[PDB]
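Asker: sharing an experimental structure here, sequence included.
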Amino acid sequence: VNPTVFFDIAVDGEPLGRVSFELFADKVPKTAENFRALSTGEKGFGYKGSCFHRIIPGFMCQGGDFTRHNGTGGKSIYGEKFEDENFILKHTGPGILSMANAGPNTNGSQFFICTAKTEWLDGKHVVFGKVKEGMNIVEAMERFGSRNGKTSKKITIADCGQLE
């Protein structure tokens, strides 16, 4: 069965709610495994304590830069970067979980959660999961964003891991 992972989100340290994701290991196993592992912290590093640094209402919430907290950092469990695994899955609407990147074959740890259809990213960003529970919490996060992506309070992954 495809893994499920959770993030417990906080706003300036105050608990907001939980978001869970299905990871599509049956279609993108290498990309799913990176995110799953970063969420449990089992390799010794990962998402716990990191922030969502770019949040643009009507577009996406982006996080996963656990090393520099601003879009310039992050790393995968495979090394600094890894290849685009495939583009089987498309950006079909809100709730899609996809890899951020800086060019072909530059996946690290940064990811985004779509809050709109983003079809222009098809074939350029690897889609590897989707929000299961707590899309309403993603919508609540989105309200702390802005047109340029700066957040009006610190949005953090206070805890994270894998659900049965």
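Answerer: Here it is on my side, so go on. Residues are numbered from 1 along each chain as shown.
Asker: quick check: next helix or strand after the helix or strand that residue 136 is a member of?
Answerer: Secondary-structure assignment from DSSP states H and E places residue 136 in helix 135-142. As assigned by DSSP H and E, the chain's next helix or strand after helix 135-142 is strand 155-163.
Asker: please name the nearest non-neighbouring residue to residue 60.
Answerer: Of all residues not flanking residue 60 in the chain, residue 112 sits nearest, at 4.3 Å (C-beta to C-beta, 6 or more residues apart in numbering). Placement of C-beta: from N, CA and C, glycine included.
Asker: specify the beta-bridge partners of the one you found.
Answerer: residue 62, residue 98 (DSSP bridges).
Asker: okay, it and residue 71: tell me how far apart.
Answerer: For residue 112, the distance to residue 71 equals 11 Å [C-beta to C-beta, to the nearest Å].
Asker: list residues touching both of those two?
Answerer: 62, 100 (C-beta atoms under 8 Å, 6 or more residues apart in numbering).
Asker: which one of those two is surrounded by more residues?
Answerer: residue 112 (24 against 16; other C-beta atoms under 10 Å).
Asker: quick one: residues contacting that one.
Answerer: Counting by C-beta under 8 Å, 6+ apart, residue 112 has contacts 60, 61, 62, 63, 97, 98, 99, 100, 125.
Asker: next one: residue 108
Answerer: Going by C-beta under 8 Å, 6+ apart, residue 108 touches 64, 73, 74, 75, 76, 80, 81, 82, 101.
Asker: list only buried entries from these.
Answerer: Among the contacts of residue 108, those classed as buried by 16 or more other C-beta atoms under 10 Å are 64, 73, 74, 75, 76, 81, 82, 101.
Asker: re the thing from before, closest to residue 37 among the contacts of residue 108?
Answerer: Nearest to residue 37, judged by C-beta to C-beta, of those is residue 76 at 9.1 Å.
Asker: can you give me the buried ones in the top helix by length along the chain?
Answerer: Identified as the longest helix of the chain according to DSSP state H is helix 29-40. The neighbour-count criterion (16+ other C-beta under 10 Å) identifies 30, 31, 32, 33, 34, 35, 36, 37, 38, 39 as the buried residues of helix 29-40.
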